[PDB]
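A.B. asks: quick one: experimental structure and sequence below.
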There are 2 protein chains.
Amino acid sequence: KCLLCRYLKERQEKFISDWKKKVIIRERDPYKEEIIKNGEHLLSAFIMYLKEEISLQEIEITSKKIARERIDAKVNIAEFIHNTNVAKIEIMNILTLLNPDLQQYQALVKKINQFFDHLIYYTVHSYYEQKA
Amino acid sequence: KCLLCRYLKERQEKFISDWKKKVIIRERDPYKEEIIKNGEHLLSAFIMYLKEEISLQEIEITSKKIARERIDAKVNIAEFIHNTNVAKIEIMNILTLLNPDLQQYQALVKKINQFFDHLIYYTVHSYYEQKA
Ligand SMILES: [Cl-]
Ligand SMILES: [Cl-]
Ligand SMILES: [Cl-]
């Protein structure tokens, strides 16, 4: 019941390589390598979430990690928002190209939104909680 | 060419009333009244954006204003993200109920995402830039 999931699972490496070229990563960033690892991990979590194999609470560990890294990198936390949205936009593009029917499209858009909304909300919340 | 706009334009006072019941806004907030006015303004801007009457750049000044107010309120900036998402979710619910076909649904989802992503990104960006 999820071609999008199958597509992303098979194309994980390609998806991340393409995403890396579109994100904002500063050469000075001490965690620039972790940015990629976090992305790889969260793409995997996204697939599992669409398959209803994890709950959203399970990404909160990663969100706290990202937040702490961003604090230490001394970068505007909105860059993380931008970089996350690059991935979301591409996933939406892939969903469109797979050409699901309306019912399926609607179900997947809800899950996509729930995942990314939580990731962004929790990471920014955590950034401010930890920086305090 | 957009029933969603007409619905929101007509039901605007009610939409805001319902939204106010679901958001994080404390009576101690020095800008509690402005939060509602900002909401009213941005709902109008959203409608104009759907109608292709404004560009996304035109909400950046409002984002900077919100960010300044949030700094002064001494709240976690993620509360703004939560509050914005409450509106987006309800808009998505209204879109679903209005029963568009897939093509129209996709076109509006893209505009909804673009508007809200820009609002969240620019406000959080400005919050960090203004706070130092
Ligand atoms: Cl769901
Ligand atoms: Cl109320
Ligand atoms: Cl201002």
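C.D. replies: Perfect, I can see it now. Numbers count the residues shown, from 1 in each chain, chains lettered A, B, ... in the order given. Ligands and ions are numbered 1, 2, ... in the order given.
A.B. asks: and for the nearest residue to residue A:40 once chain neighbours are set aside, the neighbour number?
C.D. replies: In this structure, residue A:40 finds its nearest non-sequential neighbour in residue A:16, 5.7 Å apart by Cβ to Cβ, 6 or more residues apart in numbering or on different chains. Yep, even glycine has a C-beta here, placed from its N, CA and C like the rest. Neighbourhood size, residue A:16 [other Cβ atoms under 10 Å in any protein chain shown]: 15.
A.B. asks: list the contacts for residue A:16?
C.D. replies: For residue A:16, the contact set (Cβ atoms under 8 Å, 6 or more residues apart in numbering or on different chains) comprises A:36, A:39-40, A:43.
A.B. asks: mind redoing it with 10 Å?
C.D. replies: By Cβ atoms under 10 Å, 6 or more residues apart in numbering or on different chains, residue A:16 lies in contact with A:36-37, A:39-40, A:43, A:87.
A.B. asks: reformat the residues you listed as JSON lines; add neighbour count, distance to residue B:75 and secondary structure.
C.D. replies: JSON lines is the format used below for the contacts of residue A:16 (neighbours: other Cβ atoms under 10 Å in any protein chain shown; distance: Cβ to Cβ, whole Å; DSSP: H, G, I helix; E, B strand; the rest coil):
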{"residue": "A:36", "neighbour count": "16", "distance to residue B:75": "32", "secondary structure": "helix"}
{"residue": "A:37", "neighbour count": "13", "distance to residue B:75": "32", "secondary structure": "helix"}
{"residue": "A:39", "neighbour count": "20", "distance to residue B:75": "29", "secondary structure": "helix"}
{"residue": "A:40", "neighbour count": "15", "distance to residue B:75": "33", "secondary structure": "helix"}
{"residue": "A:43", "neighbour count": "20", "distance to residue B:75": "32", "secondary structure": "helix"}
{"residue": "A:87", "neighbour count": "21", "distance to residue B:75": "28", "secondary structure": "helix"}
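A.B. asks: ok, so of the residues you listed, who is nearest residue B:5?
C.D. replies: Ranked by distance to residue B:5 (Cβ to Cβ), those are led by residue A:87 at 29.3 Å.
A.B. asks: can you tell me the SS state at the residue nearest to residue A:112 when sequence neighbours are not counted?
C.D. replies: Here the nearest residue to residue A:112 in space, its sequence neighbours aside, is residue A:91; by Cβ to Cβ, 6+ apart that works out to 6.2 Å. Secondary structure state of residue A:91, per DSSP: H, G, I helix; E, B strand; the rest coil, is helix.
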